[PDB]
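Residue strings, one per chain:
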Number of protein chains: 2
Amino acid sequence: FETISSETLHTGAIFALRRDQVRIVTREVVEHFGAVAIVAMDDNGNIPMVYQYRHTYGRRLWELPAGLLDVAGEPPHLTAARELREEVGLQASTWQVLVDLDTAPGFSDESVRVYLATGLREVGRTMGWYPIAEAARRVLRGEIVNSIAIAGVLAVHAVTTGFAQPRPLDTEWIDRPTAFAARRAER
Amino acid sequence: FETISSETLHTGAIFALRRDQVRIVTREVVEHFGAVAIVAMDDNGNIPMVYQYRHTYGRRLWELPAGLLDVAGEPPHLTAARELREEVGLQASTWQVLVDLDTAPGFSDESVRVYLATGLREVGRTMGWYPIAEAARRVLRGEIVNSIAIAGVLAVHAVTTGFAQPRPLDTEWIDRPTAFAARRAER
Ligand SMILES: Nc1ncnc2c1ncn2[C@@H]1O[C@H](COP(=O)(O)OP(=O)(O)OC[C@H]2O[C@H](O)[C@H](O)[C@@H]2O)[C@@H](O)[C@H]1O
Ligand SMILES: Nc1ncnc2c1ncn2[C@@H]1O[C@H](COP(=O)(O)OP(=O)(O)OC[C@H]2O[C@H](O)[C@H](O)[C@@H]2O)[C@@H](O)[C@H]1O
């Protein structure tokens, strides 16, 4: 395969649309920052989820706390730690990589890294807490559709059932986006 | 929330970019056809996966057979059955709904319905067959990152472990896209 020519069609707030000519096929790509999400498991197997309105679907979806990697030069897990704090007011002593997902492989370069945070502490001073098994059932029942939440929930479930293990923070993130950040079309 | 005004920024081959003013915030949306994917489980718990090049990431990813809902007026499962046939040369007697996922909730209206096909028959006349547990381990190991594949693989795994059940074809698909299809910007 080979990119013959790239042409920027639009640069927006959180993404840019680009069209390339490949190997020859037209391939439009949505350049994204990439994002991080957190499955914060407490000492009793419960994780917090937020209920956020998504204009794309015109309704509120149940999701894991998450945020865009829109801070040039900021380490993903630091981005993640801030989001966990800002979103559900929790600080965690242990951080590991749970699952990375390529959200829309067909038209965007967005990739999302999902962390597993443990050893939680309520700091500072709508959302809900769900036992992992319950969250897993909400997924297979279609009550949780956000793709990032699906991946994180089912993954931590696989971990809690002993089927799988969390991974090291330094695990390589193969498809971490870079293009849109490279643009820095701001200021 | 409320959409004040919509403005089309671009209409491409498989999607359109639109920008709306909300409740007041700018919200750019990628209108998509929606797609369907298939977890085809054989009589021994193995499922077929394809290894397809994704220009967005510049590499080949392991995925479930899948296709866009680009056939105006075609039922999703029929779309799905054609793809299973065309992709891995299999016909299945039983079709159920496994999991629906909203791929990129933050910038696209794309939603994907994942079916579970059983009672397989090799018809007609690269890909590979993976025992479900192995596929599940490839996910938690980061060897399977496609979000649709992650959802389908972990979901069928939850089903094979007895934790969850498949659902009826008539299960409601809450976020099935309609906007881009409504455009019919062709011919
Ligand atoms: N389509 C959009 N157009 C313009 N601005 C947008 C759009 N979508 C979100 N924004 C904005 O970016 C900011 C939201 O930032 P975050 O809270 O960091 O992230 P979030 O939108 O929740 O997304 C995290 C992740 O979840 C979603 O599933 C999304 O696909 C993404 O990977 C919002 O306040 C707003 O400025
Ligand atoms: N970014 C693109 N720009 C222009 N055309 C594209 C693009 N991406 C794919 N196409 C095309 O659409 C056709 C592919 O159709 P399908 O085989 O029906 O579907 P597919 O691309 O595999 O996607 C199915 C699903 O998987 C992906 O994860 C993608 O996010 C989507 O939901 C290709 O032959 C080609 O015309």
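Cut-offs and rules
- Residues numbered from 1 in each chain as written, not as in the entry; some residues may be left out.
- Chains lettered and ligands numbered in written order.
- Heavy atoms only, no water.
- Residues with missing side-chain atoms left out of burial classes, pairs and counts.
- Buried < 20%, exposed > 50% of the residue type's maximum accessible area, 1.4 Å probe, protein only.
- Helix = DSSP H or I, 4+ residues; strand = E, 2+ residues; numbered from the N terminus.
- Pairing = 2+ DSSP bridges.
- Near = heavy atom within 4 Å.
- Polar contact = N/O pair within 3.5 Å; in protein donor to acceptor, adjacent residues only side chain to side chain.
- Areas by Shrake-Rupley, 256 points an atom, 1.4 Å probe, with all protein chains shown as cover.
- Least-squares fit on C-alpha atoms.
- Contact = heavy atoms within 4.5 Å.
- Axes fitted to C-alpha atoms, helices over the stretch in contact; angles between N-to-C directions.

Q: Which residues make up the pairing of strand β2 (residues 15–22) of chain B, and what values do they have?
A: In the case of a regular strand, side chains alternate between the two sheet surfaces. All names here are of chain B. Across the eight residues of β2, six count as buried, placing the element largely inside the fold. With seven bridges connecting them, strand β1 (residues 3–11) and β2 associate as antiparallel partners. By the bridge assignment for β2, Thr11 is matched with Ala16. Between β1 and the antiparallel strand that follows it, β2, lie three residues.

Q: Lay out the site of ligand 1 in plain terms, naming residues and giving numbers.
A: Around ligand 1 sit 17 residues, and of these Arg54(A), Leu68(A), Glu110(A), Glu28(B) and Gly106(B) come closest. This site is not confined to one chain, since residues near ligand 1 come from chains A and B. One of the side-chain nitrogen or oxygen atoms of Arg54(A) is found 3.0 Å away from an oxygen atom of ligand 1. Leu68(A) is positioned such that a nitrogen or oxygen atom in its backbone is 2.9 Å from an oxygen atom of ligand 1. Calculation on ligand 1 without its partners gives an accessible area of 720 Å², and the protein chains cover 78% of this total. Of all the elements in the fold, those that place two or more residues in the shell around ligand 1 are β5 (46–54) and β7 (66–68) of chain A together with β3 (25–32) of chain B.

Q: Outline the relation of the copies chain B and chain A, supporting the account with residue identities and numerical values.
A: Expressed as a screw operation, the relation of chain B to chain A combines 0.0 Å of axial shift with a rotation of 180 degrees, fitting to an RMSD of 0.0 Å. Such values leave the two copies arranged in the relation of a two-fold axis. If distances are taken from each C-alpha of chain B to the rotation axis, the shortest is found for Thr103(B), at 2.6 Å. A share of 100% of interface residues in chain B that are also interface residues in chain A marks the association as one of identical surfaces.

Q: Would you mind going over the sheet that holds strand β4 (residues 35–40) of chain B in detail, with residue names and values included?
A: Residues and elements named next belong to chain B. Strand order in the open sheet made by the four strands is β7-β4-β9-β8, with mixed pairing throughout. Edge positions in the sheet fall to β7 (66–68) and β8 (90–101), since each has one partner strand and no second. Taken over all neighbouring pairs, the strand axes of this sheet differ in orientation by 25 degrees on average, direction set aside. Here β4 pairs with strand β9 (residues 112–122) via six bridges, running parallel. By the bridge assignment for β9, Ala40 is matched with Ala117.

Q: Can you tell me about the sheet that holds strand β8 (residues 90–101) of chain A, naming the residues and giving the values?
A: In a beta sheet, neighbouring strands pair by backbone hydrogen bonds and run either parallel or antiparallel. Residue and element names in this part refer to chain A. Strand order in the open sheet formed by four strands is β7-β4-β9-β8, and the pairing between neighbours is mixed. In this open sheet, the two strands that pair with only one neighbour each are β7 and β8. Going across the sheet, the axis of each strand differs from the next one's by a mean of 25 degrees, ignoring polarity. Docked against the sheet, helix α1 (residues 76–88) engages β4 (35–40), β7, β8 and β9 (112–122), running at close to 120 degrees with respect to β8.

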